[PDB]
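A.B. asks:
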Ligand SMILES: *C(=N)[C@H](C[C@@H]1CCNC1=O)NC(=O)[C@@H]1[C@@H]2[C@H](CN1C(=O)[C@@H](NC(=O)C(F)(F)F)C(C)(C)C)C2(C)C
Ligand SMILES: *C(=N)[C@H](C[C@@H]1CCNC1=O)NC(=O)[C@@H]1[C@@H]2[C@H](CN1C(=O)[C@@H](NC(=O)C(F)(F)F)C(C)(C)C)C2(C)C
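Residue numbers (UniProt numbering), protein chains in the order written: chain A, 3264 to 3568; chain B, 3264 to 3568.
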């Protein structure tokens, strides 16, 4: 028993992190086979970042201008190209620690582990949700760019995020590993705003299932609802619409607990209308939306890698 | 910016986890050089666990009765002994992935990363505090025993916890790597109770410093207090006494923010007496006590390994 925010074990990603330096600018890169992937703003001076022309900056760079270090070892750069907002540095050495991997673009509402890194060295691991406004609530300082987000499925690392920048209210924005931003953000040092987030309804329901599995059952009521009536009532509390796809992915938790999804929706409706009356759910005084249905099943049935 | 519950990168510990099976019973072991350390209840049938005589069970075991697997590879057991509540299995192969390591006994109020494991395979990593009642709020299922807790200091893994059991209200108990329990618990399947926990005052103060560093400052008042008056007022809220040792370890955060420790204590006194008046601190509606002063500094200044 017990329910904790849990990250994937980071080892498979730790063996892929390198340091990339171009002139004055240093950040992290991800070394897979004989390619290093890193944020393209490595080629920028702090002045260039205010209004960069990356194509123009990159013409005036050579292979040798990129210093790539795997611990103490320099990796020789033998080619370079830009794909959207990421640089690809071909190196003369394949990373012997390359795991089986895929690049995936995650959907809003889905979670991943972040391995926060500085100077090519891992510092910490935590779990994030891709918010509906295409930001993450991370923890990143100067030098963190090129830190990656990932999921692990048995032996296979699905890389989904590379860190680029911090917005107002300390939230974070970045790209997939093809260099395409999540959300309407650009890699330019100019004021940008996230704009309005929403509560991930399916994840709140997943976490209420987690709570029941752990013996927290006070919020279960005797009622059901229609999907229609639930979505009508929940809209005013800035909850995203619950779709039949969402109901389908809750099926395993519904089946395991013998609580129909629309019965749990009736309990959620009462929490939204009445509040928690000074009670906690899994130790929290607020409804939690950063656990997916898969996150609940994996932890409350012990999947390994 | 941003402040997240963050675990140490797990790779150095992932390369030490093996599966140990004795007859019918399987759990995890930690392979360092040519020794495997695991909970001694691996030698028990479920019936033996009700009232075990471990010394008697172990006499009737041979080296070959211990099946140790590192992924697919069986490690030959060439010797065995019991130290308190852990078994030590000497194997014929030194673990080539053994990190620099130490065994440490952690103090109540200190944190560590847990690598939850099943069948010798890592599943997840999370952060725990050793509670003042010598339990941890973990997430552990059947087969999790032998999962370890640790801290990483540059290259050096300090192992501090090995998992043995689950108590009432889903809290967890275990040993140091010399097999000595934290708290008054025994490895016997009979009802045992944790008894009353306390709030780790120095960690609540560390987290209020984290909040200020992140721009959450509404709770800062114009007052100071004496250590004496603070401890008198806080006692009724089941906060542990704040000692001069605790004030000393807050010094770096105090120095960094320019907020004296007793000024923050005056702010904490007002939160305890008045509540949060419907406000949050770093997104929480409750005061958080599972971040050490070191945890705040490391995250809010980016230490790597
Ligand atoms: C990469 N190492 C950093 C990561 C930042 C630093 C503080 N916390 C983080 O997550 N990335 C940057 O410094 C990027 C980089 C120029 C400016 N920048 C920003 O993150 C800035 N934010 C923005 O410009 C904004 F608002 F648009 F998001 C900053 C004010 C420094 C936080 C580039 C090329 C975008
Ligand atoms: C090791 N793999 C498990 C870990 C447990 C299983 C459920 N969650 C956990 O953390 N350890 C055990 O099963 C130990 C083991 C016998 C019984 N046991 C317990 O954890 C039990 N608890 C207690 O006996 C109590 F209350 F004293 F802590 C159980 C009821 C199964 C949770 C031994 C030898 C103690």
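All residues carry an ideal CB built from backbone N, CA and C; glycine is no exception.
Starting from residue 3560 of chain A, trace the alpha helix (DSSP H) in both directions and tell me its first and last residue.
C.D. replies: From DSSP, the alpha helix (DSSP H) with residue 3560 of chain A extends over 3556 to 3562.
A.B. asks: Output yes if chain A places a C-beta closer than 8 Å to the C-beta of residue 3378 of chain B; else output no.
C.D. replies: Yes, its Cβ sits closer than 8 Å to a Cβ of chain A.
A.B. asks: Within the same chain, show all residues whose beta-carbon is closer than 6 Å to that of residue 3387 of chain A, passing over the 5 residues directly before and after it, in chain order.
C.D. replies: Within the same chain, residue 3387 of chain A has close Cβ partners 3379.
A.B. asks: Taking only heavy atoms of ligand 2 into account, decide whether any of them is closer than 7 Å to the Cβ of residue 3454 of chain B.
C.D. replies: Yes - ligand 2 has a heavy atom lying nearer than 7 Å to the Cβ of residue 3454 of chain B.
A.B. asks: Could you tell me the boundaries of the alpha helix (DSSP H) in which residue 3322 of chain A lies?
C.D. replies: From DSSP, the alpha helix (DSSP H) with residue 3322 of chain A extends over 3317 to 3322.
A.B. asks: If you follow the alpha helix (DSSP H) that residue 3260 of chain A is part of, which residue opens it and which one closes it?
C.D. replies: In the structure displayed, chain A extends from 3264 to 3568; residue 3260 of chain A sits before or after that span and is not available.
A.B. asks: Should residue 3318 of chain B go down as buried or exposed, given a rule of 16 or more other Cβ atoms within 10 Å for buried?
C.D. replies: Flag for residue 3318 of chain B reads exposed.
A.B. asks: Just grab the DSSP bridge partners of residue 3438 of chain B for me.
C.D. replies: DSSP, once it has assigned bridges, lists B:3425 and B:3444 as partnering residue 3438 of chain B.
A.B. asks: Do residue 3378 of chain A and ligand 2 come close, with the Cβ less than 7 Å from some heavy atom?
C.D. replies: Checking every heavy atom of ligand 2 against the Cβ of residue 3378 of chain A, none is found closer than 7 Å.
A.B. asks: Is the beta carbon of residue 3316 of chain B within less than 7 Å of some heavy atom of ligand 2?
C.D. replies: Result no, Cβ not under 7 Å from ligand 2.
A.B. asks: Is the CB of residue 3404 of chain B under 8 Å away from at least one CB in chain A?
C.D. replies: Yes, because at least one Cβ of chain A sits closer than 8 Å to the Cβ of residue 3404 of chain B.
A.B. asks: Could you name the residues that DSSP lists as bridge partners for residue 3430 of chain B?
C.D. replies: Answer is B:3434, bridged to residue 3430 of chain B.
A.B. asks: Counting Cβ pairs, one atom from each stretch, are 3 or more of them under 8 Å apart for the segment 3264 to 3274 of chain B and the segment 3483 to 3501 of chain A?
C.D. replies: Touching, no, given that fewer than three Cβ pairs across the two stretches are closer than 8 Å.
A.B. asks: Entirely within the segment 3268 to 3302 of chain B and at least 3 residues each: give me those beta strand (DSSP E) ranges in chain order.
C.D. replies: Listed in chain order, they are 3280 to 3285, 3288 to 3295 and 3298 to 3302.
A.B. asks: Out of A:3535, A:3512, A:3533 and A:3277, which one is the CA nearest neighbour of residue 3524 of chain A?
C.D. replies: Of the candidates A:3535, A:3512, A:3533 and A:3277, the one whose C-alpha sits nearest the C-alpha of residue 3524 of chain A is A:3512.
A.B. asks: Mind checking if residue 3295 of chain A is an interface residue toward chain B, Cβ cutoff 8 Å exclusive?
C.D. replies: No, residue 3295 of chain A lies away from the interface with chain B (no Cβ there is under 8 Å from its Cβ).
A.B. asks: Let me confirm a value: residue 3556 of chain A is counted as buried when at least 16 other C-beta atoms fall within 10 Å, else exposed. Which label applies?
C.D. replies: Residue 3556 of chain A comes out buried.
A.B. asks: Using the beta-carbon of each residue, which ones in chain B are nearer than 8 Å to residue 3567 of chain A?
C.D. replies: In chain order: 3380, 3381, 3382, 3384, 3385 and 3386.
A.B. asks: Cβ of residue 3460 of chain B within 7 Å of any heavy atom in ligand 2?
C.D. replies: Result no, Cβ not under 7 Å from ligand 2.
A.B. asks: Determine the extent of the beta strand (DSSP E) in which residue 3374 of chain B is found, giving its start and end residues.
C.D. replies: It spans 3374 to 3381 - the beta strand (DSSP E) in which residue 3374 of chain B sits, taken as one unbroken run.
A.B. asks: Any beta carbon from chain B within less than 8 Å of residue 3477 of chain A's own beta carbon?
C.D. replies: Answer yes: the Cβ-Cβ gap between residue 3477 of chain A and chain B drops below 8 Å somewhere.
A.B. asks: Note down, in chain order, every chain B residue with its Cβ under 7 Å from the Cβ of residue 3268 of chain A.
C.D. replies: The answer, in chain order, is 3268 and 3389.
A.B. asks: Which residues in chain A have a C-beta closer than 7 Å to the C-beta of residue 3549 of chain B? List them in chain order.
C.D. replies: Ordered by position in chain A, the residues that pass the 7 Å Cβ test against residue 3549 of chain B are 3548.
A.B. asks: Measuring only from the beta carbon, is residue 3405 of chain B closer than 7 Å to any heavy atom that is part of ligand 2?
C.D. replies: Residue 3405 of chain B: yes, Cβ under 7 Å from ligand 2.
A.B. asks: Indicate whether the contact test is met: 3 or more Cβ pairs, each with one atom in the segment 3460 to 3479 of chain B and one in the segment 3544 to 3562 of chain B, closer than 8 Å.
C.D. replies: Because the criterion of three Cβ pairs below 8 Å is met, the segment 3460 to 3479 of chain B and the segment 3544 to 3562 of chain B touch.
A.B. asks: With DSSP as the reference, please indicate the residues paired to residue 3365 of chain B in a beta bridge.
C.D. replies: Its beta-bridge partners are B:3421.
A.B. asks: Use the C-beta contact count for residue 3376 of chain A: other C-beta atoms within 10 angstroms, 16 or more gives buried, fewer gives exposed.
C.D. replies: The residue is buried, with at least 16 neighbouring Cβ atoms inside 10 Å.
A.B. asks: Please classify residue 3445 of chain A as buried or exposed, where buried requires at least 16 other C-beta atoms within 10 Å of its C-beta.
C.D. replies: Classification for residue 3445 of chain A: buried.
A.B. asks: Determine the closest residue to residue 3424 of chain A out of A:3322, A:3355 and A:3408, with distance taken between C-alpha atoms.
C.D. replies: Among A:3322, A:3355 and A:3408, the Cα nearest to that of residue 3424 of chain A is on A:3408.
A.B. asks: Pick out the complete beta strand (DSSP E) segments inside the segment 3324 to 3350 of chain A, 3 residues or longer, and give them in chain order.
C.D. replies: As far as the segment 3324 to 3350 of chain A is concerned, its whole beta strand (DSSP E) runs of at least 3 residues are 3329 to 3333, 3336 to 3338 and 3340 to 3346.
A.B. asks: With a Cβ-Cβ cutoff of 8 Å, do residue 3400 of chain A and residue 3313 of chain A count as a contact?
C.D. replies: Contact flag unset, no.
A.B. asks: Please report the Cβ distance between residue 3415 of chain B and residue 3532 of chain B, rounded to the nearest whole angstrom; I am assuming they are in contact, meaning their Cβ atoms lie under 8 Å.
C.D. replies: Going by Cβ atoms, the distance from residue 3415 of chain B to residue 3532 of chain B rounds to 35 Å, so no, they are not a contact pair.
A.B. asks: Give a single yes or no on whether residue 3267 of chain A has its beta carbon closer than 7 Å to a heavy atom of ligand 2.
C.D. replies: No, since every heavy atom of ligand 2 falls outside the 7 Å radius drawn around the Cβ of residue 3267 of chain A.
A.B. asks: When burial is assigned at 16 or more other CB atoms within 10 Å of the CB, is residue 3310 of chain A buried or exposed?
C.D. replies: That one is exposed.
A.B. asks: How is the beta strand (DSSP E) around residue 3415 of chain A delimited, first residue to last?
C.D. replies: Residues 3411 to 3416.
A.B. asks: Run through chain B and tell me which residues come within less than 8 Å of residue 3272 of chain A, C-beta to C-beta.
C.D. replies: Chain B residues near residue 3272 of chain A: 3273, 3274, 3277, 3378, 3385, 3386, 3387 and 3388.
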